[PDB]
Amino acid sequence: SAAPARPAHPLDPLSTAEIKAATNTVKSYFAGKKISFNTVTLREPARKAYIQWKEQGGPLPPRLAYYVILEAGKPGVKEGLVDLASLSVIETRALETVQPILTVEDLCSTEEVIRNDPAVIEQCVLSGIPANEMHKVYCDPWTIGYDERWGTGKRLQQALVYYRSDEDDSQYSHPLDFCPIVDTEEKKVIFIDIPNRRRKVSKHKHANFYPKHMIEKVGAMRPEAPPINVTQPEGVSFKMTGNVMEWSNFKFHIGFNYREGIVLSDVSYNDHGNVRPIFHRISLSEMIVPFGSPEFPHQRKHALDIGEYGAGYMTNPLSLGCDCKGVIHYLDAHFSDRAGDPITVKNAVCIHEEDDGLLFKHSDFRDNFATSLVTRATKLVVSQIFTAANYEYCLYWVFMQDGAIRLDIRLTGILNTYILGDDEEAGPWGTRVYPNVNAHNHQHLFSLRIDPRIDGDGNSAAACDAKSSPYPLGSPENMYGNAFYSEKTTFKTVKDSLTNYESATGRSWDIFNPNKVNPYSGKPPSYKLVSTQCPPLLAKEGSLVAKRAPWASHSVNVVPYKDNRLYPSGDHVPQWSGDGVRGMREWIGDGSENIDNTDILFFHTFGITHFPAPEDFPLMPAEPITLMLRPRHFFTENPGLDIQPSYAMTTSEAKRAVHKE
């Protein structure tokens, strides 16, 4: 058989060979049809099949490839599965009223089409840009998001237009006032949204940020600062076997796909010989960046980056020394292009360990701290950085030596901007960050998808709220009124889980195994979600934003596990009106399904609300976002105590050294 070679691990992404094998198979199946490839990626094995293979000597799951194609002259898409071993299409269906994720190829041609469009050219002339300077006009190709004038009838993009006085300028200080709508398949402008109040191109200098620009703007650059060198002469402590990582007792598979980007699977912790499962899969499953200006056509700015462009497709090849400093281990990403040929993104993921301050410390005041023990912490970082036109999303999955797992995100890049008239007030929907530049308010929301396996199978979730004792001050039960406890509300049905972060109770959430008990505390083993950057969805109920991102309405959504329940806003996000039972809305159903002690899926909504300020322009300083999953009642004691201390002196040793007591 010409079947491609099987991977080392069932969860390994498709190899370039498998991708090509998949596309050859699809092409043969659709022989005579003019088709193009939109997506060719690994169809992960069923959860049960994988676990049986992994721990019960079960059979090796079939190596499958999921594909999405377009056929010239045919509406929507066609999707299906290819069994790589037998090189055959085993599943396929047409979806004529849906539009797929926009690939780099899908987006690359838009700029040239608007530049050569007569209606667009006329608009540029009207805006103060001569027809013979169209090479100075640029545009960020966006999914149209959703426009009720066309639905999914045509595959559309909207173009946010900008102007560069010089090719090296940062165009964002000079947005134009109109918005062209482009037919992706036909590669032509079908309409242009033009404001009632016209604003011609800004005549100010561009707000630039490269050194040559800064030298002109301010005196010059600051002197090169003294270097801070990081070296690991004896190598690193982590061990990579293919995509399998081993570090500080943690063991997991590092996967990656066009959409979610990094995908961490089969996460376990070796508790002194007892290898205990934690999570079967964890990743970012969707996002939405809803803008806050009510004015047309700005309601169309609420990109669901992961589902509409792909955190994988948009990922940057990481530059050693700059993006990832120190001794780095890189991983590449493989996708398919429109023709069905494998494409590779080098250094899409970087892995390394860093010093992370103190892990723990304690000194005895009795001998003036002579008795002391200090142990420094080391963290393991698995990261990627993707670019969504103007913004940059830096993602860092962090593993720590106390057994905690953290997701750190840094937002940078450039503010989305729209033109502002000389006599126009930007507030309250935006900020004038530069003359004639309006940076609209917006939120950055993410959907963390957790498939738990806390110390094994059979899990539950709960909200934990800190509360004062119900007994009043002066009562026998709370004489001095200081009593307080943690109220744990275990979610029984899906409906019970739809909860938001609450500052009034310093709310946290537990993902636990009700089938086990901690021998000391008597509480079930668990990982606690500690997350406070949980903005409420500001768009109203029934709004386009709320309908297309049903998951964003609550900080936490817990539903029964089902295979292929990955994307909360549906499988094909672009141009979906938000009407219909799909994604999270489908999984929630009538909210009556059991989620207590069974296989569950935990979707957490977190992020920030951004009100632009001049400090964010013309290039924005990194803004941090973070959440953490901590083991609570999982271990019987601090799991990092067997790590060699950086310094340690006992009381007896102190007496000896001290002098002679």
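We number the residues from 1 along the sequence you see.
Engineer: May I ask you to compare 628-636 and 45-53 by their mean CA B factor in the entry and name the higher one?
Structural biologist: Looking at the recorded C-alpha B-factors, 45-53 comes out higher on average.
Engineer: May I ask you to compare 312-320 and 497-505 by their mean CA B factor in the entry and name the higher one?
Structural biologist: That would be 312-320.
Engineer: Compare the CA B factors listed in the entry for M134, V559, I306, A483 and report the winner.
Structural biologist: Highest CA B-factor of the listed options: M134.
Engineer: Based on the PDB record, which member of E286, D193, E105, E487 exhibits the highest Cα temperature factor?
Structural biologist: Top of the list by C-alpha B-factor: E105.
Engineer: Ranking every modelled residue in this chain by its Cα temperature factor as given in the entry, which third contains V26?
Structural biologist: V26: CA B-factor falls in the highest third of its chain.
Engineer: When the deposited Cα B-factors of this chain's modelled residues are ordered and cut into thirds, is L373 in the lowest, the middle or the highest one?
Structural biologist: CA B-factor rank for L373: middle third.
Engineer: Quick check on the deposited entry: does the C-alpha B-factor of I588 sit in the lowest, middle or highest third of its chain?
Structural biologist: Answer is lowest: the recorded C-alpha B-factor places it there.
Engineer: Quick check for you: using the entry's CA B-factors within this chain, is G32 in the lowest, middle or highest third?
Structural biologist: Its C-alpha B-factor belongs to the highest third of this chain's values.
Engineer: Using the B-factors in the PDB entry, rank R300's C-alpha atom against the chain and give the third, lowest, middle or highest.
Structural biologist: According to the entry, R300 has a C-alpha B-factor in the chain's lowest third.
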